[PDB]
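Asks: experimental coordinates for this protein are included below, preceded by the sequence.
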Amino acid sequence: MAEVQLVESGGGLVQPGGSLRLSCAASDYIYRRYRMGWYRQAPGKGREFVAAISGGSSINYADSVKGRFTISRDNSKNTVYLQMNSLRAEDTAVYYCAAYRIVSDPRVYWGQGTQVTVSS
C-alpha cells in the first residue's frame, strides 16, 4: 500500500505589502509523481487556483498572483513552497495544497489548509 499525506504551514497575519512563505510537505508517493498545486478560498467565495508545479507540466500561476507569488520545490524535503510577496487584503483566504494525477488516479488529495490574513 501507499501512504498519502499533505501538510501545510506558513500562514499567518501580515499587513498590506507584507509577505509570507507557505510550504506543503507531501508523502513520497505523492511527491514523486503528482502535480502539486496551491488553491485558496475566502468565506462566501468559491475556491480558486493560485499556482502549481510538477506532475509533467510546467509551472502555472493564476492571473491574480502573477509576478507576486512564486512556486518552487525542494526534492530533498519532499516540499513545495509558495513565496508570497506584495500581499493585498484581497489575498486573505485559507490556502490549500492539493495533489492530483488525472492520468492514473481518480482522486484529488487536499491538505486541511493554512489561514492567510492580510489586514491593516
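Replies: That came through fine. Numbering: from 1, shown residues only.
Asks: now residue 72: closest residue in space, sequence neighbours ignored.
Replies: Spatial nearest neighbour of residue 72, chain neighbours left out: residue 81 (5.0 Å); criterion: CB to CB, 6 or more residues apart in numbering. All C-beta spots, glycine's among them, are computed from the backbone N, C-alpha and C.
Asks: all helices for this protein, in order.
Replies: Applying DSSP state H to the chain gives helices spanning 28-33.
Asks: so which residues of the protein form strands?
Replies: Applying DSSP state E to the chain gives strands spanning 6-9, 12-14, 20-26, 35-41, 48-53, 60-61, 69-74, 79-84, 93-100, 109-110, 114-118.
Asks: surely the residue nearest to residue 72 and residue 51 touch.
Replies: No - using CB atoms under 8 Å, residue 81 is not in contact with residue 51; the gap is 10.2 Å.
Asks: common neighbours of the two, please.
Replies: residue 71 (CB atoms under 8 Å, 6 or more residues apart in numbering).
Asks: that older thread, would you reformat the strands of the chain as a markdown table and include mean neighbour count?
Replies: Supplementary listing: the strands of the chain in a markdown table, determined by neighbours: other CB atoms under 10 Å:
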| stretch | mean neighbour count |
| --- | --- |
| strand 6-9 | 18 |
| strand 12-14 | 14 |
| strand 20-26 | 21 |
| strand 35-41 | 21 |
| strand 48-53 | 19 |
| strand 60-61 | 15 |
| strand 69-74 | 17 |
| strand 79-84 | 21 |
| strand 93-100 | 22 |
| strand 109-110 | 17 |
| strand 114-118 | 18 |
